[PDB]
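First residue of the sequence shown: 16, per our numbering; consecutive thereafter.
Ideal placement from N, C-alpha and C gives every residue a C-beta, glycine not left out.
Inspection log for the structure reproduced underneath, given as structure tokens.
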Amino acid sequence: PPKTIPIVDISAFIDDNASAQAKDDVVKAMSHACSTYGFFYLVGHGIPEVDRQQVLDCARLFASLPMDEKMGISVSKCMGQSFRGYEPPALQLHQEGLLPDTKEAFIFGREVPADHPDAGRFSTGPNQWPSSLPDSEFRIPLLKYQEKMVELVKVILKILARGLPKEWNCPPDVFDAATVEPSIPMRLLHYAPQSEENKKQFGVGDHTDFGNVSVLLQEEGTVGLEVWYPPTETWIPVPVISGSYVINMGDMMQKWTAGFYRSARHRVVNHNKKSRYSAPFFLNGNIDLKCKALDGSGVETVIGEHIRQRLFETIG
Ligand SMILES: O=C(O)CNC(=O)C(=O)O
Ligand SMILES: [Mn+2]
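The structure is reproduced here in structure tokens:
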């Protein structure tokens, strides 16, 4: 029974003039992690710690808004199925804050104009921004961070492509077409503290991510995140590690690679005595891209259709 998920330092791919043996070591480590656990800590990404802390501060700033203002940009009011804006708690009573055992989020993605023909299609459309927050304090750093997340997942994808079975003869750029005009939702999540009830409580229940790559920024604090490892049937805890992101593969990556890279069930247990924040970035990818199974098996899957199928099947 493994006690931890692996750590991968990708400095060799971020820094200049790294040896080919160092790069190959990165490739092998990431490939093994993603084909065994579907999860790993990533360090060496080069994103300044001040930028990461600024993102968590944006999460806290948004949550501090009163409920009526947040509800003003509720995801109910977004365009079509773009799913942008404020995702409210399941229960609420007051303008300020959250009831225990609840959560809220701000969700934003790639900015697509309202008059664009694709606007309102799945995960595609204009963002909703809270008008009371100054741009220098919210929208601007979030969009700059989104730029950095896009660069990071492109590097991750190149490492993943170099880690596929050699008999498949996959180029290092096999995944790159998913990163053009992609669905890239990011959430600023606020979890309330646990309640006093004497039953297990979760910030997120048992699930898989549906997309390609997920990039999670955690806040210093209690362990929430756990990863289901089937062979030993055990939940691996994923504590916060300074400087790292938690990376995991989603269902679309698992489909694309014919099961070689695993999309693992995970959950967040609520052991927080105070509000906790997190910021996951999700590469779903170009919703219209037709992905052929990389083992040459001739199977074809459209990213948007796959994710909508997963949403329709993930009901109860
Ligand atoms: O906040 C966390 O620890 C993990 N987040 C998720 O699984 C999610 O937002 O889908
Ligand atoms: Mn998840």
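Quiz item: What is the chain-ordered set of residues for which the beta carbon lies under 7 Å from any non-hydrogen atom of ligand 2?
Solution: This selection yields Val219, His222, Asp224, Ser229, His281, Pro295.
Exercise. Output the residue ranges of the beta strand (DSSP E) runs that lie fully inside the region 88-124 and measure 3 residues or longer, sorted by chain position.
Key: For the region 88-124, whole beta strand (DSSP E) runs of length 3 or above, ordered along the chain, are 100-102, 118-123.
Self-check item: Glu152 classed as buried or exposed, judged by whether at least 16 other C-beta atoms fall within 10 angstroms
Solution: In the sequence shown, residue 152 corresponds to position 137, counting from 1. It is exposed - the Cβ of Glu152 has fewer than 16 other Cβ atoms within 10 Å.
Exercise. With a threshold of 16 other CB atoms inside 10 Å of the CB of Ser34, please say whether the residue is buried or exposed.
Key: Residue mapping note: residue 34 aligns to position 19 of the sequence shown, counting from 1. Result: exposed.
Exercise. Can you grab the Cα-Cα spacing for the pair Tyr260 / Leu232, in whole Å?
Key: Counted from its first residue, the sequence shown places residue 260 at position 245. Counted from its first residue, the sequence shown places residue 232 at position 217. Straight-line spacing of the CA atoms in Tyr260 and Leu232 works out to 5 Å.
Exercise. Look at the alpha carbon of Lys85 and the alpha carbon of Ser79, and state the distance between them as a whole number of angstroms.
Key: Translated into the one-based positions of the sequence shown, residue 85 becomes position 70. Translated into the one-based positions of the sequence shown, residue 79 becomes position 64. Spanning the two alpha carbons is a distance of roughly 9 Å.
Practice problem: Check whether the Cβ of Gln233 lies closer than 7 Å to any heavy atom of ligand 1, and answer yes or no. | Solution: To locate residue 233, count along the sequence shown from 1; it is residue 218. Because some heavy atom of ligand 1 lies under 7 Å away, the Cβ of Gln233 counts as near it: yes.
Self-check item: Inter-residue spacing [alpha-carbon to alpha-carbon] between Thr139 and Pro149
Solution: For the purposes of this step, residue 139 is taken as residue 124 along the sequence shown, with counting starting at 1. For the purposes of this step, residue 149 is taken as residue 134 along the sequence shown, with counting starting at 1. So the two alpha carbons sit approximately 24 Å from each other.
Quiz prompt | Any beta strand (DSSP E) of 3 or more consecutive residues that is wholly inside the region 45-91 | solution = Listed in chain order, the complete beta strand (DSSP E) runs (minimum 3 residues) inside the region 45-91 are 54-58.
Self-check item: Which of helix, strand or coil DSSP assigns to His321
Solution: Here the question's residue 321 lines up with position 306 in the sequence shown. Reduced to three states, the DSSP call for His321 is helix.
Quiz prompt | Cβ contact check for the region 321-328 and the region 153-161: 3 or more pairs under 8 Å | solution = No, because fewer than three Cβ pairs between the region 321-328 and the region 153-161 fall closer than 8 Å, the two stretches do not touch.
Quiz prompt | Cβ-Cβ separation, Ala273 to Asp310 (assumed contact under 8 Å), whole Å | solution = Residue 310 sits at position 295 when you count from the first residue of the sequence shown. Residue 273 sits at position 258 when you count from the first residue of the sequence shown. Their Cβ separation, rounded to whole angstroms, is 4 Å, which keeps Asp310 and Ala273 in contact under 8 Å.
Quiz item: Between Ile20 and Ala48, which are expected to be in contact by the criterion C-beta below 8 Å, what is the C-beta distance as a whole number of angstroms?
Solution: Here residue 20 refers to the residue found at position 5 when the sequence shown is read from its first residue. Here residue 48 refers to the residue found at position 33 when the sequence shown is read from its first residue. For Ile20 against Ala48, the beta-carbon gap comes to about 7 Å, under 8 Å, which counts as contact.
Quiz item: What is the residue span of the alpha helix (DSSP H) that residue 333 lies within?
Solution: The displayed coordinates of the chain run from 16 to 331. Any statement about residue 333 would go beyond what the structure contains.
Exercise. Please report how far the alpha carbon of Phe297 lies from the alpha carbon of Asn227, in whole angstroms.
Key: For the purposes of this step, residue 297 is taken as residue 282 along the sequence shown, with counting starting at 1. For the purposes of this step, residue 227 is taken as residue 212 along the sequence shown, with counting starting at 1. So the two alpha carbons sit approximately 8 Å from each other.
Quiz item: Start and end of the alpha helix (DSSP H) containing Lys163?
Solution: For the purposes of this step, residue 163 is taken as the residue at position 148 of the sequence shown. Run containing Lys163: 154-177, per the alpha helix (DSSP H) assignment.
Exercise. Using beta-carbon positions only, say whether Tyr56 and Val242 come within less than 8 Å of one another.
Key: Residue numbering aside, residue 56 sits at position 41 when the sequence shown is read from its first letter. Residue numbering aside, residue 242 sits at position 227 when the sequence shown is read from its first letter. Their beta carbons are not under 8 Å apart, which means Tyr56 does not touch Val242 by this criterion.
Self-check item: Spatial distance of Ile122 from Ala192 (CA atoms)
Solution: Start at 1 with the first residue of the sequence shown, and residue 122 comes out as number 107. Start at 1 with the first residue of the sequence shown, and residue 192 comes out as number 177. So the alpha carbons of these two residues sit roughly 24 Å apart.
Quiz item: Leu57: beta carbon under 7 Å from a heavy atom of ligand 1?
Solution: Position 42 of the sequence shown, counted from the first residue, corresponds to residue 57. Residue side-chain check: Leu57 keeps its Cβ at 7 Å or more from all non-hydrogen atoms of ligand 1.
Exercise. Spell out the partners DSSP gives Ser198 in its beta bridges.
Key: Residue numbering aside, residue 198 sits at position 183 when the sequence shown is read from its first letter. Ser198 pairs with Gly300.
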